[PDB]
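Undergrad: What follows is a structure written as structure tokens; I'll ask about it next.
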Ligand SMILES: [Mg+2]
Ligand SMILES: [Mg+2]
Ligand SMILES: [Mg+2]
Ligand SMILES: [Mg+2]
Ligand SMILES: [Mg+2]
Ligand SMILES: [Mg+2]
Ligand SMILES: [Mg+2]
Ligand SMILES: [Mg+2]
Ligand SMILES: [Mg+2]
Ligand SMILES: [Mg+2]
Ligand SMILES: [Mg+2]
Ligand SMILES: [Mg+2]
Ligand SMILES: [Mg+2]
Ligand SMILES: [Mg+2]
Ligand SMILES: [Mg+2]
């Protein structure tokens, strides 16, 4: 296995395409749950240690994950490249399309139903995906086909992106 | 008869006696609402959670499953219940049919995104979890609203009373 | 007490006991709806028709209406007012009946399809007017929400049947 | 492994193997759609009904759903998620299936005609809710474009069946 | 197997192996698009055109279609259904193909500009119509979002090619 | 005379450009009447024996007729090629334009007034014409200029198509 690792200053993050346990400590509860979902659905192991508001943390974590993904992508030579996933979450349906293209581009098309989920600013979801996709040099389209519950909306998007990414990273 | 199960840690029992209810979900607003449910349904609830959306949904799923155990044991019951509840400006109607056809029609646009720290979008999630897992057909209608706490309380009181009516032995 | 008559071939009896019902209208869908009526109203119905769906549905409703009226006239103290809401998956119906002696139907239900099987759905309002007017009831039928026509009609039959049985209850 | 039950008289079995399918629902159109289901899901279905279309259609859906749940409960690792697009000339349908344990159907398809032959087109949604809710699946059915009602329903049945088949694939 | 024919002079062959492709249509933009087709479908194309863009584009599409039909007729068991989403910066396209034997194209893409370079953009639909009808496929082409015309028609070519390659996969 | 014949399995169909009696047994009453009209107005003799819902039957009959027409067209070398017919049916007026072009294409522009005529699903009319036109490799435009009665609408369309086809098949 390859492990890609980065310290940015206060974050310490590693990612790996093996099946080791993930340890996610962002200091943001909702972000913890979402990145735990990312690890399971992408097949990638994340270890995050953050020290220190939610905006800087979420964005800086997204930037580092994107940068480490690019390192991972650079070292792979032959992969599926294209991944599409539909995920339903009760009333919600999301579609995410990723192309490991080297052309950094995000089309984010999801009007989330509430301004917060618990204490988490829902506007941070697009900021996270922008940071990851652009720094990983992916072309990604995120579409909320229908929604209703904001937790479901965000979760479907995280599940679909992770799975689509996983599919695209599959060795050829 | 006591129906119970476990499902973080969640321990819940429900019973149609008048034993005291102990409700500790870890969510203040949900405690108050489920306290209302016990009173208006006549069902005793005991809930122990140690560990908001996952908690709320988990509790609703377990309540619904336990309700189905209870219903399966009952032979002869009223089956149909309707209740209107006013809360100042608010008026809600809930209609329940213990039909064995799991179906929720939830028609209530709540006035605010939160009450205290509680996400109001959780109300629909709780009711869907209960109704579907209890195999009820339930229509919840907010005829008029205004104050979000009143809207939610009216819906809880109406559902609970309508359920209590439908569960009544014949 | 049994109330009965013929309308000529049509022969129908109604009773407020728990005796069995035999319903042979020659219209399958109507058979199923009248079976719902007997169960939810608490009344026993026996119908023998012999010998188009319009005439048969309407004739049955008129005779049922007239027989209900006989039964009402014999009763002294009854509840008089009945309301029932019935949900049927997507559908919610409300029916309000008043045994007032003032024959009046307010029928507010746009049914989703022109037929269920071979049965013309326009016959549902025709059945209810025949019953309500001839029994001298005041009734309001409201489809609060709908979607499936079989569900819409069944909800209405159930709600009306139960609201009538409530209203007919001895006092 | 074979999954089996009876409920009118209804007798149904399902199996994730290649045994032959005998489908006799009493409803010609539903016979055809269930034949598509077997071929496209890879699940063998045997159905014998003896004993309106509404009750038959819904009762079959409920049992198929209950038997799918038996099958799912035995399976350990499976793909879980399935999506299928099926074109039928002018029609395009998409069906997304999640074997989630959370019973939920989003049915988004405005069918072009009230009937295909003698079959009430509103029965299609009733069938899918019966299966999906009782199998504890989350499914979204979407008619992306349509035109001809037989094509619309056929595309939906093919897409759902294929998506279920994908989701059930052992890991 | 190599499928070839000639139809100004046009000579084309197509093969389901990894032989290099030589594409000389006399239309620069079409050369690039067909090179994308070769790579994404896995099919080797060889084209010699000797001798307006309309006639060449349409004739090439017809011959490719007819040769694909020859290939399909030779194959026994194949996947049959393929769907591909392809993003191209701002653009997202979806193509659904079904090797059905029912020739049908649903082309749903309003392209942003009348020309890319000297190439008439209205020729893209004409190309796909020629291919899809003559290969006897049912395909739906959908531009979900666009912006840049080069990106729009590259996304469409990529998605069709992949969807076809998937559908052509032996089972 | 040439006779073109096909068995597809349960249909047995022959078509001929002579003037022999037609025997049409599709198992669909309304389709029987329409194909009887086709035979008279096109000048082509049809013999159909079908064994066995209406959708599959109508479509399969349309497909075979289209395929046999193509065989017939292939063997003719010199014909008028272009045919246009207007047919009035009381309130209804239809126009059908056919080009024996070899480019399979149907433009069907007729909103029929009712969902059924007797027991026949009126949506089958377009399915029939699509099957015939595409498999015969005709370019055909069908236009209901005005309508009112669905039986008249379908009949005018069948009459006009048959006549236009007949005209186009005329030897040159
Ligand atoms: Mg960019
Ligand atoms: Mg949830
Ligand atoms: Mg979650
Ligand atoms: Mg309160
Ligand atoms: Mg009348
Ligand atoms: Mg039903
Ligand atoms: Mg019924
Ligand atoms: Mg049809
Ligand atoms: Mg067809
Ligand atoms: Mg079919
Ligand atoms: Mg052209
Ligand atoms: Mg480019
Ligand atoms: Mg390019
Ligand atoms: Mg065409
Ligand atoms: Mg005529």
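The values are calculated or read from the model by the stated rules, or taken from the named source; these are not laboratory values. Every residue, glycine among them, receives a Cβ derived from its backbone with ideal geometry; neighbour counts consider all protein chains shown.
Undergrad: Quick one: how many residues across the range C:61-92 are under 15 Å from residue C:41 (Cβ atoms), within 14 Å of chain B (Cβ to nearest Cβ) and crowded, with 18+ Cβ neighbours inside 10 Å?
TA: Within the range C:61-92, residues that are under 15 Å from residue C:41 (Cβ atoms), within 14 Å of chain B (Cβ to nearest Cβ) and crowded, with 18+ Cβ neighbours inside 10 Å number 3.
Undergrad: Here's something else I'd like to know. Residues that are closer than 30 Å to residue F:125 by Cβ and either outside the structural domain of residue D:27 (by CATH) or within 16 Å of ligand 3 (Cβ to nearest atom) (or both): does the range D:131-139 have at least one?
TA: There is no residue in the range D:131-139 that is closer than 30 Å to residue F:125 by Cβ and either outside the structural domain of residue D:27 (by CATH) or within 16 Å of ligand 3 (Cβ to nearest atom) (or both).
Undergrad: Inspect all residues belonging to the range C:93-101 and state whether any of them is surrounded by fewer than 17 Cβ atoms within 10 Å (Cβ to Cβ), within 14 Å of chain B (Cβ to nearest Cβ) and away from ligand 15 (no atom under 16 Å from the Cβ).
TA: No.
Undergrad: Could you list all residues from the range D:129-171 that are within 14 Å of chain F (Cβ to nearest Cβ) and assigned to a loop (DSSP other than H, G, I, E, B)?
TA: D:146, D:147, D:148
Undergrad: Select from the range B:128-148 the residues that are within 14 Å of chain C (Cβ to nearest Cβ) and assigned to a helix (DSSP H, G or I) and write down the one among them that is farthest from the chain's Cα centre (by Cα).
TA: Checked the range B:128-148; the qualifying residue farthest from the chain's Cα centre (by Cα) is B:132.
Undergrad: Going by the structure shown, is residue C:99 touching a helix residue (DSSP H, G or I) at 6+ places or on another chain (Cβ under 6 Å) and farther than 22 Å from residue D:122 by Cβ?
TA: Yes; evaluated as a whole, the condition is true for this residue.
Undergrad: Taking the range F:102-127 as the search range and keeping residues that are assigned to a loop (DSSP other than H, G, I, E, B) and at the interface with chain D (Cβ under 10 Å from one of its Cβ atoms), which one is surrounded by the most Cβ atoms within 10 Å (Cβ to Cβ)?
TA: Once the filter is applied, the top-ranked residue is F:123.
Undergrad: Of these, E:125, E:152, E:114, which one is within 16 Å of ligand 13 (Cβ to nearest atom), in contact with a strand residue (DSSP E or B) (Cβ under 8 Å, 6 or more places away or on another chain) and under 18 Å from residue E:30 (Cβ atoms)?
TA: E:152
Undergrad: Residues of the range C:9-30 being in a helix (DSSP H, G or I) and surrounded by 15 or more Cβ atoms within 10 Å (Cβ to Cβ), which ones?
TA: C:29, C:30
Undergrad: Read through the list (1) surrounded by 19 or more Cβ atoms within 10 Å (Cβ to Cβ); (2) assigned to a loop (DSSP other than H, G, I, E, B), then give the number of the only condition that residue E:100 fails.
TA: (1)
Undergrad: Would you mention how many residues in the range A:38-53 are in contact with a helix residue (DSSP H, G or I) (Cβ under 7 Å, 6 or more places away or on another chain), within 17 Å of residue A:13 (Cβ to Cβ) and in a helix (DSSP H, G or I)?
TA: Count: 2.
Undergrad: So which of E:69, E:30 ends up being away from ligand 7 (no atom under 16 Å from the Cβ), more than 14 Å from chain A (Cβ to nearest Cβ) and within 28 Å of residue A:84 (Cα to Cα)?
TA: Testing whether each residue is away from ligand 7 (no atom under 16 Å from the Cβ), more than 14 Å from chain A (Cβ to nearest Cβ) and within 28 Å of residue A:84 (Cα to Cα) leaves just E:30.
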